[PDB]
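One structure is given below, encoded as structure tokens.
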Amino acid sequence: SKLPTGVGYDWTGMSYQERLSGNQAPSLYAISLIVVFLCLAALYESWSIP
Amino acid sequence: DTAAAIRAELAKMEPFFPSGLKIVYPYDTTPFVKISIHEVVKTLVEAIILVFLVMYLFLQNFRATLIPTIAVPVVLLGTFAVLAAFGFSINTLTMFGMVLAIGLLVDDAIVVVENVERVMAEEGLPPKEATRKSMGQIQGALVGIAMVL
Amino acid sequence: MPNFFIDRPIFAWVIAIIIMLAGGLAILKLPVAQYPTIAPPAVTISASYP
Amino acid sequence: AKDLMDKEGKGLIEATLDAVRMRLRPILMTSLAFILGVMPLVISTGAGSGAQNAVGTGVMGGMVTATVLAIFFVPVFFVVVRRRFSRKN
Amino acid sequence: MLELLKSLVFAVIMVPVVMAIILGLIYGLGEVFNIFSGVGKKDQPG
Amino acid sequence: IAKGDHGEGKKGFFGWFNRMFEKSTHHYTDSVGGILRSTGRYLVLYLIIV
Ligand SMILES: CCCCCCCCCCCCO[C@@H]1O[C@H](CO)[C@@H](O[C@H]2O[C@H](CO)[C@@H](O)[C@H](O)[C@H]2O)[C@H](O)[C@H]1O
Ligand code: NI
């Protein structure tokens with residue numbers, strides 16, 4: 001940002017990719033954790049037993 | 001999505017514009033569609049309200065009215081799932097179609113919730129015994145109404 | 001068919017919720033656009049002799 | 001009415017009357033729920049209201065006449081399809 | 001959110017109004033269907 | 001709930017409603033009695049609206 005005007009930037013390749021997402025693990029392990037909290041009870045038929 | 005890409009493609013440009021030069025959007029289809037879906041979503045919510053009012057006004061109990069209310073969202077979003085799996089989009093037409101869908105579907109729920117109510121109101125048997133009995137006299141109707149429809 | 005669920009109250013909740021996540025995901029993943037394409041696709045050749 | 005016919009011991013007329021009397025309310029619950037479900041679309045204006053009006057005023061008129069009027073006529077159809085052409089044996 | 005208050009007021013007011021009308025319609029129709037109660041069918045199918 | 005009660009003995013507006021509804025019901029039923037004695041004209045009035 002501290003360079004002459006008219007100069008800008010962009011990321012490519014690996015850099016470009018890491019932009020889309022690098023870490024979704026905490027989201028999809030979270031949904032893993034809820035679909036697990038409930039799918040077990042789909043047999044234990046129990047509150048909190050899972 | 002294309003327009004969404006176009007504001008992106010273009011959002012990177014302004015910092016290197018010369019002095020005095022500014023963008024402007026004289027013809028734009030999108031906010032029509034943002035609004036078209038805003039309006040239907042709001043009709044849907046207020047419909048869910050109105051259903052819950054006719055439910056209270058008829059079963060006269062806070063508890064009873066939770067049942068058919070909960071069952072509607074499950075149906076309607078459930079539809080996104082299945083029409084996603086047939087390659088259909090959440091468009092003007094489709095999204096608009098499901099309001100009618102909400103309308104039809106609500107009673108699929110209530111006919112049975114009610115029928116159980118009315119059955120327990122004379123032989124006076126618990127919710128289990130009554131709802132089971134209720135399934136016995138109707139459940140067969142529900143598949144066929146659905147088939148013929 | 002229904003009775004099975006009458007005895008098994010939660011498992012229904014599991015069916016419903018799985019459908020709740022399926023649909024709630026199905027918005028976030030599906031394309032949003034006014035019009036499902038409705039015209040004969042057409043290609044257009046274009047020339048210019050000055 | 002049919003269930004009262006076979007699964008219980010009944011002829012048509014009295015069966016119909018009991019079905020229709022037991023069944024009357026639900027019809028209104030549904031139709032009131034429904035007609036009111038669609039309320040916004042018919043009342044709606046602006047914001048590209050062309051569609052939801054055309055859909056709602058279509059389903060509404062057809063919802064009243066299919067309720068206020070059909071609860072009277074259904075019984076006659078179900079009787080006439082039997083009373084005038086049934087298995088006497 | 002504010003449109004929701006509008007929704008609630010229309011809702012509460014309207015639920016009875018429409019309700020009455022549809023009952024009014026069967027109540028009325030019932031009376032006119034009472035007046036005009038017909039003789040029966042014809043013997044041709046038999 | 002009780003066996004046989006249709007909520008008439010209930011506090012407030014709600015009872016009024018249940019009574020006038022149950023009334024609307026008797027009316028309607030006693031009216032379908034009349035209609036059902038008169039199968040024919042109805043079949044052909046049905047024709048006029050068809
Ligand atoms: C899995 C994909 C396929 C889905 C479609 C499968 C069809 C069967 C659905 C399972 C539900 C049971 O389906 C069952 O069918 C028979 C067929 O008359 C009905 O048996 C019948 O009972 C009495 C008279 O016999 C009447 O109410 C009615 O004539 C009919 O329902 C049951 O009431 C219905 O519950
Ligand atoms: Ni009487």
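Heads up, the Cβs are rebuilt from the backbone with ideal geometry, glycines too, and the neighbour counts pull from every protein chain shown. FYI, it's all coordinate maths here, none of it is from the lab.
Considering only helices (runs of 4 or more DSSP H) fully contained in chain A, which possess at least 3 residues that are away from chain C (no Cβ under 12 Å)?
Passing ranges, in order: A:13-20, A:25-39.
Specify the residue that is nearest to ligand 2 (Cβ to nearest atom); the eligible residues are those in the range D:1-40 that are under 14 Å from D:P75 (Cα atoms) and of a type in the set (K, R).
Within the range D:1-40, the match that is nearest to ligand 2 (Cβ to nearest atom) is D:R21.
So which pairs qualify, if the first residue must be in the range F:14-29 and more than 8 Å from every other protein chain (Cβ to nearest Cβ), the second must be within 12 Å of ligand 2 (Cβ to nearest atom) and part of a helix (DSSP H, G or I), the Cβ gap must be under 9 Å, and the two must be at least 6 apart or on different chains?
Within 9 Å, the pairs are F:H26/D:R21.
Condition first: more than 7 Å from chain E (Cβ to nearest Cβ) and more than 10 Å from ligand 2 (Cβ to nearest atom). Now tell me which residues in the range F:30-39 satisfy that.
Result: F:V32, F:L36.
Is it the case that some residue within the range C:9-28 is farther than 23 Å from B:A71 by Cα and facing chain B (nearest Cβ under 9 Å)?
No, because not a single residue in the range C:9-28 is farther than 23 Å from B:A71 by Cα and facing chain B (nearest Cβ under 9 Å).
Looking only at the range B:113-147, count how many residues are more than 13 Å from ligand 1 (Cβ to nearest atom) and either on the phi > 0 side of the Ramachandran plot or within 23 Å of the chain's Cα centre (by Cα) (or both).
Final tally of qualifying residues: 3.
Looking at the range F:11-31, can you tell me whether even one residue there is surrounded by fewer than 16 Cβ atoms within 10 Å (Cβ to Cβ) and either within 16 Å of ligand 1 (Cβ to nearest atom) or part of a loop (DSSP other than H, G, I, E, B) (or both)? First the steps, then the outcome.
Going residue by residue through the range F:11-31, those that are surrounded by fewer than 16 Cβ atoms within 10 Å (Cβ to Cβ) are F:11-16, F:19-20, F:22-23, F:26, F:30.
Still in the list and also either within 16 Å of ligand 1 (Cβ to nearest atom) or part of a loop (DSSP other than H, G, I, E, B) (or both): F:11-12.
The answer is yes; a qualifying residue exists.
Take E:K6 and decide whether it is basic (K, R) and either farther than 30 Å from D:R84 by Cβ or within 14 Å of the chain's Cα centre (by Cα) (or both).
The answer is yes for E:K6.
Is it true that some residue in the range C:1-8 is among the aromatic types (F, W, Y) and not in a helix (DSSP H, G or I)?
Within the range C:1-8, none of the residues are among the aromatic types (F, W, Y) and not in a helix (DSSP H, G or I).
Checking D:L12 against (1) touching a residue at least 60 places away in the same chain (Cβ under 8 Å); (2) closer than 13 Å to E:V18 by Cβ; (3) not β-branched (V, I, T), which test does it fail?
Exception for D:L12: condition (2).
For the range E:15-44, which positions are under 26 Å from D:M29 (Cβ atoms) and facing another protein chain (nearest Cβ under 7 Å)?
E:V15, E:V18, E:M19, E:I22, E:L23, E:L25, E:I26, E:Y27, E:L29, E:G30, E:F33, E:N34 - these are the residues of the range E:15-44 that are under 26 Å from D:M29 (Cβ atoms) and facing another protein chain (nearest Cβ under 7 Å).
Every residue in the range B:82-139 that is among the aromatic types (F, W, Y) and under 22 Å from F:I1 (Cβ atoms), please.
Of everything in the range B:82-139, nothing turns out to be among the aromatic types (F, W, Y) and under 22 Å from F:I1 (Cβ atoms).
Determine, yes or no, whether B:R132 is in a helix (DSSP H, G or I), surrounded by 14 or more Cβ atoms within 10 Å (Cβ to Cβ), of a type outside the set (V, I, T) and more than 14 Å from chain F (Cβ to nearest Cβ).
Taking the combined requirement at face value, the residue satisfies it.
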